[PDB]
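Take a look at the structure set out below.
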Amino acid sequence: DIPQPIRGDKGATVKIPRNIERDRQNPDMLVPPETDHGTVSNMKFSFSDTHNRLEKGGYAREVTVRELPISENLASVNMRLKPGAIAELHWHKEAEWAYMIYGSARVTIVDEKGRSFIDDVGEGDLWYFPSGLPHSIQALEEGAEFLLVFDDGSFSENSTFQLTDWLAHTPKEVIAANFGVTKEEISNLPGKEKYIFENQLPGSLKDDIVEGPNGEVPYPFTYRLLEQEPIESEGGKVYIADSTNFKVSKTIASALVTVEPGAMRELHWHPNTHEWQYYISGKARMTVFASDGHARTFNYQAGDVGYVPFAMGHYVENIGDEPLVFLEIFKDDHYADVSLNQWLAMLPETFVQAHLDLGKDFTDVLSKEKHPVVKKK
Amino acid sequence: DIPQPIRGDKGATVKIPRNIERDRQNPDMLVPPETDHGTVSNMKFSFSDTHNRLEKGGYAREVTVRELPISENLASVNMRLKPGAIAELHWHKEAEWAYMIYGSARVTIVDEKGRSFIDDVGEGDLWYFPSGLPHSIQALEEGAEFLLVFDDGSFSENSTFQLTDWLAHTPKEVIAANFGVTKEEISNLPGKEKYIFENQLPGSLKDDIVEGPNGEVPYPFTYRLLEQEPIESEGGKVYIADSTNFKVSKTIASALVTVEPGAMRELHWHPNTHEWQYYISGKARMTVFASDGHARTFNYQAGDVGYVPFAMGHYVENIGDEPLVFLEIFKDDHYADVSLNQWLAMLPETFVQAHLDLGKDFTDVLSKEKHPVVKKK
Amino acid sequence: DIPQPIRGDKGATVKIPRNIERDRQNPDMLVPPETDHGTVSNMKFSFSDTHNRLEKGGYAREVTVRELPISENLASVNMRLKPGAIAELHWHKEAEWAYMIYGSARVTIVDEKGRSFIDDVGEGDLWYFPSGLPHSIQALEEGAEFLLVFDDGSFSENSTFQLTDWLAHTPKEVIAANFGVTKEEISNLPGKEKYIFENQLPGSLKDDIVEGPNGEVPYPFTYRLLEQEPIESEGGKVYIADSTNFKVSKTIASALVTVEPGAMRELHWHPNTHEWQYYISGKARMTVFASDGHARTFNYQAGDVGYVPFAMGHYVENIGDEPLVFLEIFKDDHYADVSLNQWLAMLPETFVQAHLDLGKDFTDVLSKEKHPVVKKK
Amino acid sequence: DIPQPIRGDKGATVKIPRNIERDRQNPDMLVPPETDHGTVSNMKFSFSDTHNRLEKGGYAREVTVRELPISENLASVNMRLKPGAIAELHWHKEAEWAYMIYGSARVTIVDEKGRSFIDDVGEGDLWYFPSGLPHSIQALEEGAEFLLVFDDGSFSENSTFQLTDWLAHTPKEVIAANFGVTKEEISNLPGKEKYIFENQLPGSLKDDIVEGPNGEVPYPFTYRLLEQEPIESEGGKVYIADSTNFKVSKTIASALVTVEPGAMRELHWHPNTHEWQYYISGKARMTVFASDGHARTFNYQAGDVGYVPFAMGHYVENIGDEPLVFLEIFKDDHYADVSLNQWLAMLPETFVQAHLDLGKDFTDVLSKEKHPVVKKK
Amino acid sequence: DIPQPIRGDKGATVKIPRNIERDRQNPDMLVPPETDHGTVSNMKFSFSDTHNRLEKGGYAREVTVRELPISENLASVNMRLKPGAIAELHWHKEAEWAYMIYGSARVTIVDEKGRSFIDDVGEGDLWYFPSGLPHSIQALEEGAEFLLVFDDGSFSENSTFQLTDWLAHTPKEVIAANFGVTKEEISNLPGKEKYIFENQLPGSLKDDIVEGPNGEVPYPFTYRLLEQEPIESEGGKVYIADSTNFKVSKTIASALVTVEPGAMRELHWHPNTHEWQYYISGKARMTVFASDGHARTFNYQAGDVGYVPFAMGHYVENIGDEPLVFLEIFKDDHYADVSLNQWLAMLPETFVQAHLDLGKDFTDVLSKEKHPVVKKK
Ligand SMILES: [Mn+2]
Ligand SMILES: [Mn+2]
Ligand SMILES: [Mn+2]
Ligand SMILES: [Mn+2]
Ligand SMILES: [Mn+2]
Ligand SMILES: [Mn+2]
Ligand SMILES: [Mn+2]
Ligand SMILES: [Mn+2]
Ligand SMILES: [Mn+2]
Ligand SMILES: [Mn+2]
């Protein structure tokens, strides 16, 4: 049918030309809970509503502070590579964090002591490249599509330095002097950046490993998130990766969350920092509790970025038949949450009762174990 | 079918879960012109992607700097009233400008000399309420749905002062003293705001006109935009309303633009200030030329807000079968544009030729008359 | 007695060491109306709580953004001169506005065309010196104590340029060259500023008038506020001085307000800009209505600066036996207010009734004439 | 008598209506040392000059950047609870630090691992609640009045999240799903926040301790400041509590200072960060030395907040007959000071003499041991 | 010889490697007047110390806020064109003001009503192009070198929109539709900007004038500054051009100043706004008096930009044998100054004497006529 912003005796039919397909995706925005109140900033933006930069060998589109202004500390890139295609050797002002959603890829990175790291990354794997360290991505046989997160919301063209772009704007005589070659031996250098470019598939990973006088890097730059044992509860799983287990990831803590049909990520908040969200599949709604009687509900599905400012109360409820899969991202050295249930469960029962105007029949259902995802009884 | 971000040999199929209905609405974002280049801020946001505040008698949803951060100087409200329903007497820090898209309404406003203005507004009419002057809107027999524009992008709950809210937070003894009544005579005052509320239809407009010791207001607060003679050209019309014809509208200049199927709003820019857009019906694309090799194309349809920062080059092309109807809004005392065609038409032909690397065959097609909307030959 | 923050069954006795004399001055702050709600910035500061700069011949103390941070656009100086004492010839980045509260003084000012203005100012007179134009103040036989207002809240030592300070930090050879004199003829120039200094009383004003080749100034720099006919109403008078009557005062509009015992400055707001207040004598309370259910009541007496941010609702009620005398100051070319009474009086009565949930018995007491000050019936 | 701003031959009698009781409290502001010079921001504000929020069971008033703009990093709340009364379970964006000035209270706090801490706090005890961790305060038999300090000067209503407010703006169906209950079992939930509310006295502390599967917290959230051995010197004591002894207090370092009649907190500065002051009882003056010939003297008594910007020179002298008791507060993991005496005492004597233009008769009185508080010889 | 920073018994020889040629150009910076005191921002920058952008047909180098951070409101370009060479048709966010120092040029500009202006400009002529209006410059037979001033200090690549750059980043199909041509008829359009490009000399100015349906522009865009009668005084001339005589120049007021050897621009200040300076030839020193005992002397010669913040006291003294020629630039609709001499000359003589501690022998030399430039008696 045709949705209308009516809730009981409130609201009215839309009477001007309108976007029906969007209203359908936003049932809880066109028809908000009656508990929503006050000005709350937009916490929702679709990658689908951004310009897609297409190159020979793939593409990349971004969600930044310029699209989603609440997220000042974090931005993201959706990047795709065809098989063998290269994200040209480069470096960033920001640290880079990544989730491999589709395919596989080979990454290189050399650190500030000349030590190198070359590894293959598959679906559910992460990498984290500390700011300023140069790296690359090349897709294997299947290609690769992955989500990148940068720890500055301002990420732009000015955040990225490209190998060939550097050389293109360096005097030919300097380059020649820097390397001990003639200017002729380097006249074939590219005139502009490459960015993404087609290439033959690499060979085996062991034939690529470069030996060096400086040692192996002390900590790997990749992590196998789905090979960990997840916090498994009633209606889903949660895999955490922060600087306590994925050592190099000092500025990005993360959790992959799976919410079964009829389940929810429980009511909680984060006592450490802002949450940045990516919705990989499924459909959700979330209400952000913004303090002082302010609360706003947003709708989410695949391709959406979401956001919860520091310490605001929230939940994320699956409102579809598929499983709901999303990322929670935090610019911090650690994951942390406080569970509404567990909090209240560890207080004297009559104290909780005096607060809530409810009886023993409520407090008996509180649990002292944190269940991040719960199935509807 | 199923769109893919491919243009010739560039781009690739999307491989992760995605928003197909959005990709379909954004053909030129998923598959951008090859002429687009560089970082350009988001200039596009749908009212459909905002929380709708539903009340008994209507609703109101907003697009502000918190949704669309490029637009710092201007925000907007989509407001709907059921028949007889009242937008409670109130005032703003911002000036308010409005387009009646559907229905009709009665407005009141009293100015700083105690003079009052009560008028009815119909489809295609505007009003403009200078900052701080109190006003109201009540819908007539058909109801009313209209677009409001406020001349600060920061518009929020803190921009609006409500009659009953004031009285609710004023000591009862003060109110009584202020009016010369007992506290009992006013115990029935509402405890909270009304905002929007159901009410009986007003009677005739002449029975509402209040006579006063202070005179009629020197300039009306409403304007009949569609009763003007429009600049009519090949593929559409343009009705302008700025402070030169709609006198009270010192901070908002505006034009209603109609672009027939197969036509476009020509390549132009605005030498005075930023453009803010509302897409009433139809489907468009626009490329914003951002200087220094930066350009980004956006897609638009009914319910979308658009934006062109000061002096950036643009056009707006109808890409559908319906007519394209949009508003151009400027926070200024005047409308102004420079036409790429007319500009070049008023320069020596060989000068233009030396610039463009083209011949007499091009310059012969330039016109010295400004045609804001052109049909594709 | 000893005040306590108790209102009915709310609040409690203070139990820690406390400032009793302050609590006594703040009855409505220690015990706020029950209608006050939410965070509202401090709108109250006493000159008594500022460092007094004492010089031979007088003193000067200031209230600025650094004391009262809400007032970003306006600051003030309380300045005192003993008889004959001079506020050393100087100039400011800010425009200067002044109320002579006590005594009399002679002012000089020379404008950008070399034209001079020398006049005497008495109690209730004003002056306004446009930014950057040099001026002086010298107290007559009685001395002089007056309030200065500068149209930047940031006013500081860096706002003021002093005649002798300039010459003290200009090379002696330059000064000599500038004037056509020897360095010896100027060795007696002061080594530091004077700021305020003792001096003999001037003679008659006519013997001081300097004739020049450039004409009289087109508009006087002083104004006799109390010689105007005031808007006189039931419980007080109001004398306005803005750029419409006091021509040179382009950036400062002002009103002297007198509220008799048992009267109030009515419920109103200002649709143009922020209000800055100085309480000359008497005792007041005011509630600032800050929108969205925010309101805070402040207490005022002689020596206090007050403030009402743009468009916020307020009233000012005399809560003492003496008359209440205060200044309302606006950084604008004009005074403007909207009266709650007059506003509602110029709307259809049943409309007002539908808003307020009250009957004909209320609307009959509304008046279409603006009475800025009302006596309690 | 009646104070006047006269110092020798400087200054003059006040001639306009004035605040005598304030002038009396500010002897060194109305009549500043002759050594004071230049623009120095206000470093003084009384809680008495703030709006007191009264609730059933107590009250709370605040001093923030909006009252005292120099203190951007720190704000404070004066909070009072009647016996048994509860500061409703809540959490903050800021870390919270507290001094129990009067009475006693029970606090709860649950940390990010589900571990709980319930303890009683008495006069001279502190607590520190890290940002985002939920907590409560309930007053015991005597009630409780205490000073809270938050490590952001911007503290406002938007800093606090309340248990019942969250639930009031969360969809009833979500809450029910989150807990595994029917909507009926929770229809009695409060509709608005509680904030502070009357309640029966708790029982014994041991009967409240909640056991849990997660362990005891690794570090207590309270500290017995007055049970420490203080740095005792001639004219007073100083008890320090920073993150080196009160482990959890990472963002707040503090010292309780006692200055006997005729003594002073010596001339010193802080090489680490800004100082924030609360004057619990007694009367002081302090001169802040602001560099480059800038210095301003302020007066303090019970209820005043004071402030010394990073590294500025100061002393705090008791100017009354009672003992002077104040708090020094630093947003840092450690307390640190540099003593003018000890500094000079550890330099070669002739070096110090060459600097000060004084002899062996001065340097002989320097001491190498830091005496924070000295009695006037 | 070899300069040293010694003044009497102050300073010392430089002992580290140093820039001798710079020290020689800065006698009053290496050896400042003894009257200079305190922190004053840099007010001096040489175009010689900026990167020169060289193109086929000329060059252009800039001084902006990024070079000279005090000048936030104004920036400048030094631009050179070889004979016949074109500054490609373009437009700016900023208004543009220009002084033709060498050669001659033809300018075009079309305004917002389609009206065109084509004129030739010679040495000492100005033009002013209002923001956003498109224009061009082409050098005549002699070439042309001129100073451009833009009324935003932030001027950068993002301030300029270029004709060919626009078309290069506009879809070919849009351009074709916009003009009514095939895509083939426009395949020769340039792929990148031109910026500056070689070209044949134009013919006569009358053969270039384009007639149009819209009328002549109401006010010319050029001005013959040196054909005016200058304010001629003892040691030099001053030609003013502001919006009172050069009508279109609403945002830029200007004066060309000539100071003979042994003369100076007198001690004065500007009561309206900041001064921006360009030193065309000669050598100067200036002391900026910054208030509150702050003053700093700077040295200037050909190619230097100088700056005096609003209302600061200054003079500009020729310290060389050639005449000194500089521009004074103000972002305002009018030129205005206050003369130290004339100011004091229009005050009662004994008043001036009481201020300065000097006698009739001084005041007798004051003049009531403003002489902007004075020769050393
Ligand atoms: Mn990267
Ligand atoms: Mn979360
Ligand atoms: Mn409105
Ligand atoms: Mn446009
Ligand atoms: Mn002054
Ligand atoms: Mn007012
Ligand atoms: Mn708390
Ligand atoms: Mn200290
Ligand atoms: Mn230009
Ligand atoms: Mn000047």
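Chains: A, B, ... in order of the structure tokens. Residues: from 1 per chain. Ligands: from 1, in order shown.
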
Problem set entry | Exercise: residue 36 of chain B partners within 12 Å, only C-alpha atoms, chain neighbours under 2 positions left out, as a PyMOL selection string | (chain A and resi 51-54) or (chain B and resi 28-29+31-34+38-40+286-298) or (chain E and resi 165-172)

For this session: Within 6 Å of segment 347-359 of chain C, counting only C-alpha atoms, which residues show up once you throw out same-chain ones fewer than 3 positions away? Write them as JSON, numbers by chain, please.
Result: {"B": [189, 208], "C": [344, 362]}

Hey, can you spit out that residue selection with N, CA, C and O atoms as a JSON list (two decimals), in the first residue's frame?
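Below you can see selection-v3.json, which holds the result:
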[["chain", "number", "residue", "atom", "x", "y", "z"],
["B", 189, "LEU", "N", -5.54, 28.63, 32.00],
["B", 189, "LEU", "CA", -4.49, 28.74, 30.97],
["B", 189, "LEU", "C", -3.89, 27.39, 30.84],
["B", 189, "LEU", "O", -3.73, 26.70, 31.85],
["B", 208, "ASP", "N", -13.19, 38.77, 10.19],
["B", 208, "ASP", "CA", -12.00, 38.62, 11.01],
["B", 208, "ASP", "C", -11.14, 39.88, 11.06],
["B", 208, "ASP", "O", -10.33, 40.02, 11.95],
["C", 344, "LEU", "N", -2.31, 40.46, 21.19],
["C", 344, "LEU", "CA", -3.55, 39.73, 21.39],
["C", 344, "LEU", "C", -4.80, 40.59, 21.20],
["C", 344, "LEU", "O", -5.85, 40.07, 20.83],
["C", 362, "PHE", "N", -11.81, 37.55, 29.65],
["C", 362, "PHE", "CA", -10.41, 37.90, 29.43],
["C", 362, "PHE", "C", -10.20, 38.88, 28.28],
["C", 362, "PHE", "O", -9.70, 39.96, 28.50]]

For this session: Output the neighbourhood of ligand 7 as a ChimeraX atom specification, that is, all protein and nucleic acid residues with some atom at most 9 Å from the ligand, counting only C-alpha atoms and all ligand atoms.
Result: /D:87-92,94-97,129,134-137,148,150,160

For this session: List all protein, DNA and RNA residues that have at least one atom no more than 12 Å from any atom of ligand 8, counting only C-alpha atoms and all ligand atoms, and write them as a ChimeraX atom specification.
Result: /D:238,253-257,264-278,286-289,306-317,326-330,335-340,372-373

Problem set entry | Residue hits in chain C, query chain D, radius 8 Å, only C-alpha atoms, as number ranges by chain | C: 5-7, 9-12, 14-19, 21-23, 26, 28-32, 38-39, 41-42, 48-59, 66-70, 80-82, 101-102, 145, 156-157, 280-281, 296-298, 301-303

May I have the residues from that selection written out with C-alpha atoms, as a PDB file, in the first residue's frame?
ATOM      1  CA  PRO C   5      15.333  27.974  49.561  1.00  0.00           C
ATOM      2  CA  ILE C   6      11.875  26.439  50.418  1.00  0.00           C
ATOM      3  CA  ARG C   7       8.729  26.784  48.253  1.00  0.00           C
ATOM      4  CA  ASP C   9       7.050  21.266  49.961  1.00  0.00           C
ATOM      5  CA  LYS C  10      10.058  21.831  47.716  1.00  0.00           C
ATOM      6  CA  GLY C  11      13.624  22.789  48.630  1.00  0.00           C
ATOM      7  CA  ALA C  12      15.284  22.680  52.029  1.00  0.00           C
ATOM      8  CA  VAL C  14      20.890  25.612  53.461  1.00  0.00           C
ATOM      9  CA  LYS C  15      23.252  23.631  55.670  1.00  0.00           C
ATOM     10  CA  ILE C  16      26.724  24.774  54.562  1.00  0.00           C
ATOM     11  CA  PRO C  17      28.341  28.180  55.185  1.00  0.00           C
ATOM     12  CA  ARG C  18      26.588  30.623  52.883  1.00  0.00           C
ATOM     13  CA  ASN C  19      26.252  34.235  51.724  1.00  0.00           C
ATOM     14  CA  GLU C  21      23.324  39.137  52.313  1.00  0.00           C
ATOM     15  CA  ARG C  22      23.317  37.885  48.715  1.00  0.00           C
ATOM     16  CA  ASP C  23      20.473  35.425  49.317  1.00  0.00           C
ATOM     17  CA  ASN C  26      18.035  37.357  45.408  1.00  0.00           C
ATOM     18  CA  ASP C  28      13.509  35.049  43.404  1.00  0.00           C
ATOM     19  CA  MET C  29      16.773  33.200  42.762  1.00  0.00           C
ATOM     20  CA  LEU C  30      17.004  31.389  46.046  1.00  0.00           C
ATOM     21  CA  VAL C  31      13.222  30.852  45.774  1.00  0.00           C
ATOM     22  CA  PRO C  32      12.332  30.888  41.996  1.00  0.00           C
ATOM     23  CA  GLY C  38      15.574  24.566  32.250  1.00  0.00           C
ATOM     24  CA  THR C  39      19.124  25.801  31.574  1.00  0.00           C
ATOM     25  CA  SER C  41      22.567  31.426  30.965  1.00  0.00           C
ATOM     26  CA  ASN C  42      23.380  33.978  33.693  1.00  0.00           C
ATOM     27  CA  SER C  48      30.092  45.900  42.682  1.00  0.00           C
ATOM     28  CA  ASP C  49      31.681  42.557  41.855  1.00  0.00           C
ATOM     29  CA  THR C  50      34.322  44.127  39.554  1.00  0.00           C
ATOM     30  CA  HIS C  51      37.800  45.547  40.233  1.00  0.00           C
ATOM     31  CA  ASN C  52      37.680  49.340  40.511  1.00  0.00           C
ATOM     32  CA  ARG C  53      40.507  51.153  38.729  1.00  0.00           C
ATOM     33  CA  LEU C  54      41.331  54.156  40.926  1.00  0.00           C
ATOM     34  CA  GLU C  55      43.231  57.193  39.498  1.00  0.00           C
ATOM     35  CA  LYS C  56      43.953  60.779  40.781  1.00  0.00           C
ATOM     36  CA  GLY C  57      40.664  62.442  39.748  1.00  0.00           C
ATOM     37  CA  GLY C  58      38.239  59.524  39.609  1.00  0.00           C
ATOM     38  CA  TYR C  59      37.781  55.834  38.763  1.00  0.00           C
ATOM     39  CA  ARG C  66      34.559  38.352  30.495  1.00  0.00           C
ATOM     40  CA  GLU C  67      32.189  39.026  33.422  1.00  0.00           C
ATOM     41  CA  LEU C  68      28.821  38.441  31.658  1.00  0.00           C
ATOM     42  CA  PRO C  69      29.378  36.041  28.711  1.00  0.00           C
ATOM     43  CA  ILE C  70      25.865  36.161  27.274  1.00  0.00           C
ATOM     44  CA  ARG C  80      33.517  58.758  37.893  1.00  0.00           C
ATOM     45  CA  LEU C  81      35.329  62.117  37.644  1.00  0.00           C
ATOM     46  CA  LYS C  82      36.064  64.595  40.407  1.00  0.00           C
ATOM     47  CA  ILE C 101      23.609  59.710  36.029  1.00  0.00           C
ATOM     48  CA  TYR C 102      25.278  62.293  38.301  1.00  0.00           C
ATOM     49  CA  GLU C 145      29.408  59.909  37.381  1.00  0.00           C
ATOM     50  CA  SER C 156      39.246  45.755  26.954  1.00  0.00           C
ATOM     51  CA  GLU C 157      42.432  47.751  27.290  1.00  0.00           C
ATOM     52  CA  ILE C 280      20.169  52.773  38.102  1.00  0.00           C
ATOM     53  CA  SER C 281      17.988  52.582  41.320  1.00  0.00           C
ATOM     54  CA  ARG C 296      14.602  31.827  34.451  1.00  0.00           C
ATOM     55  CA  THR C 297      13.901  34.605  36.897  1.00  0.00           C
ATOM     56  CA  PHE C 298      16.598  37.066  37.957  1.00  0.00           C
ATOM     57  CA  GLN C 301      19.033  46.379  42.033  1.00  0.00           C
ATOM     58  CA  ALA C 302      21.195  49.491  41.685  1.00  0.00           C
ATOM     59  CA  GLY C 303      24.547  48.723  40.013  1.00  0.00           C
TER      60      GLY C 303
END

When DSSP works through the backbone of this structure, what residues of segment 48-274 of chain C end up as strand (DSSP E or B), shown as an mmCIF file with C-alpha atoms, in the first residue's frame?
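File written: states.cif
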data_model
loop_
_atom_site.group_PDB
_atom_site.id
_atom_site.type_symbol
_atom_site.label_atom_id
_atom_site.label_comp_id
_atom_site.auth_asym_id
_atom_site.auth_seq_id
_atom_site.Cartn_x
_atom_site.Cartn_y
_atom_site.Cartn_z
ATOM 1 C CA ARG C 53 40.507 51.153 38.729
ATOM 2 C CA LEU C 54 41.331 54.156 40.926
ATOM 3 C CA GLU C 55 43.231 57.193 39.498
ATOM 4 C CA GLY C 58 38.239 59.524 39.609
ATOM 5 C CA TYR C 59 37.781 55.834 38.763
ATOM 6 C CA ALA C 60 36.391 53.365 36.230
ATOM 7 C CA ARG C 61 35.131 49.769 36.478
ATOM 8 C CA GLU C 62 33.719 47.585 33.676
ATOM 9 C CA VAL C 63 31.211 44.835 32.955
ATOM 10 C CA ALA C 75 29.939 46.114 27.327
ATOM 11 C CA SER C 76 29.843 48.924 29.802
ATOM 12 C CA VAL C 77 31.931 51.210 31.941
ATOM 13 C CA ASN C 78 30.962 52.915 35.201
ATOM 14 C CA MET C 79 33.111 56.031 35.259
ATOM 15 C CA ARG C 80 33.517 58.758 37.893
ATOM 16 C CA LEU C 81 35.329 62.117 37.644
ATOM 17 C CA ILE C 86 39.808 64.817 32.663
ATOM 18 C CA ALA C 87 39.187 61.484 30.873
ATOM 19 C CA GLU C 88 42.254 61.912 28.734
ATOM 20 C CA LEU C 89 41.701 62.614 25.027
ATOM 21 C CA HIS C 90 41.390 59.243 23.388
ATOM 22 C CA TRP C 91 39.623 57.050 20.822
ATOM 23 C CA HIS C 92 38.012 53.547 20.650
ATOM 24 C CA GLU C 96 30.562 54.882 22.775
ATOM 25 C CA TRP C 97 27.176 55.722 24.268
ATOM 26 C CA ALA C 98 26.655 57.391 27.616
ATOM 27 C CA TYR C 99 24.059 58.284 30.291
ATOM 28 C CA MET C 100 24.936 61.084 32.716
ATOM 29 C CA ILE C 101 23.609 59.710 36.029
ATOM 30 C CA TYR C 102 25.278 62.293 38.301
ATOM 31 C CA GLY C 103 26.855 65.758 37.893
ATOM 32 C CA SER C 104 27.794 67.399 34.603
ATOM 33 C CA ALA C 105 30.657 67.292 32.099
ATOM 34 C CA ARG C 106 32.193 68.911 29.015
ATOM 35 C CA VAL C 107 32.908 66.647 26.038
ATOM 36 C CA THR C 108 34.991 67.310 22.951
ATOM 37 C CA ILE C 109 34.965 65.345 19.737
ATOM 38 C CA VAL C 110 36.491 66.077 16.363
ATOM 39 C CA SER C 116 34.677 69.983 16.206
ATOM 40 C CA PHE C 117 31.994 69.583 18.785
ATOM 41 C CA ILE C 118 32.243 70.836 22.380
ATOM 42 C CA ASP C 119 29.199 70.652 24.621
ATOM 43 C CA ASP C 120 28.105 70.357 28.238
ATOM 44 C CA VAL C 121 26.098 67.377 29.402
ATOM 45 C CA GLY C 122 23.931 67.242 32.554
ATOM 46 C CA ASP C 125 21.646 63.804 28.998
ATOM 47 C CA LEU C 126 23.336 61.361 26.597
ATOM 48 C CA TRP C 127 26.225 61.434 24.178
ATOM 49 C CA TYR C 128 27.204 59.034 21.401
ATOM 50 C CA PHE C 129 30.693 59.008 19.860
ATOM 51 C CA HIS C 135 36.887 62.602 22.200
ATOM 52 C CA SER C 136 37.263 63.668 25.790
ATOM 53 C CA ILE C 137 35.267 64.098 28.978
ATOM 54 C CA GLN C 138 35.987 66.724 31.666
ATOM 55 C CA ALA C 139 33.772 66.980 34.795
ATOM 56 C CA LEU C 140 32.360 70.395 35.796
ATOM 57 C CA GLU C 141 31.932 71.919 39.314
ATOM 58 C CA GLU C 142 29.925 69.024 40.743
ATOM 59 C CA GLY C 143 32.072 66.224 39.304
ATOM 60 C CA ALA C 144 30.315 63.564 37.214
ATOM 61 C CA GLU C 145 29.408 59.909 37.381
ATOM 62 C CA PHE C 146 28.027 58.261 34.223
ATOM 63 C CA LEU C 147 27.481 54.922 32.473
ATOM 64 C CA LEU C 148 29.244 54.249 29.230
ATOM 65 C CA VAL C 149 28.185 51.594 26.790
ATOM 66 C CA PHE C 150 30.425 50.197 24.076
ATOM 67 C CA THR C 160 41.327 52.325 23.718
ATOM 68 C CA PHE C 161 43.993 54.527 22.207
ATOM 69 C CA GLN C 162 45.304 57.284 24.245
ATOM 70 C CA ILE C 196 42.249 60.255 34.142
ATOM 71 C CA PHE C 197 43.920 63.335 35.623
ATOM 72 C CA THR C 222 24.621 64.940 22.568
ATOM 73 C CA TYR C 223 20.973 64.643 23.344
ATOM 74 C CA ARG C 224 18.747 65.853 26.162
ATOM 75 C CA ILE C 231 5.514 57.834 26.703
ATOM 76 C CA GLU C 232 3.634 58.211 29.969
ATOM 77 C CA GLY C 236 5.683 54.899 34.653
ATOM 78 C CA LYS C 237 7.404 56.704 31.831
ATOM 79 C CA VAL C 238 9.687 55.648 29.029
ATOM 80 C CA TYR C 239 12.018 57.973 27.104
ATOM 81 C CA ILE C 240 13.382 56.519 23.870
ATOM 82 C CA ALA C 241 16.496 57.689 22.076
ATOM 83 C CA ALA C 253 19.088 52.538 20.605
ATOM 84 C CA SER C 254 17.998 53.192 24.187
ATOM 85 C CA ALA C 255 15.142 53.828 26.563
ATOM 86 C CA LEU C 256 15.112 55.165 30.116
ATOM 87 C CA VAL C 257 12.344 53.413 31.967
ATOM 88 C CA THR C 258 10.647 54.470 35.194
ATOM 89 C CA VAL C 259 8.452 51.960 37.026
ATOM 90 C CA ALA C 263 3.948 48.703 38.643
ATOM 91 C CA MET C 264 5.789 46.706 35.925
ATOM 92 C CA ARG C 265 7.327 46.981 32.516
ATOM 93 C CA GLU C 266 4.734 44.829 30.716
ATOM 94 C CA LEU C 267 5.248 41.378 29.196
ATOM 95 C CA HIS C 268 6.900 42.021 25.791
ATOM 96 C CA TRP C 269 9.811 41.079 23.576
#

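Going from atom CA of residue 84 of chain D to atom CA of residue 198 of chain D covers 6.5 Å.
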
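Take the candidates B:214, B:367, B:35, B:131 and check each one against ligand 3 using only C-alpha atoms and all ligand atoms; the shortest distance goes to B:131.
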
For this session: Take atom CA of residue 194 of chain D and atom CA of residue 159 of chain D and report the distance between them in Å, one decimal.
Result: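 Rounded to one decimal, the two atoms are 16.2 Å apart.
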
For this session: Please provide as number ranges by chain all residues within 8 Å of residue 365 of chain A, with the sequence filter that same-chain residues fewer than 3 positions apart are discarded (counting only C-alpha atoms).
Result: A: 361-362; D: 179-180

Please save C-alpha atoms of the selected residues as a JSON list (two decimals), in the first residue's frame.
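Produced file part.json, reproduced below:
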[["chain", "number", "residue", "atom", "x", "y", "z"],
["A", 361, "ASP", "CA", 7.45, -8.82, 39.40],
["A", 362, "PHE", "CA", 9.71, -6.54, 37.37],
["D", 179, "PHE", "CA", 13.10, -7.15, 29.51],
["D", 180, "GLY", "CA", 10.86, -10.05, 28.47]]
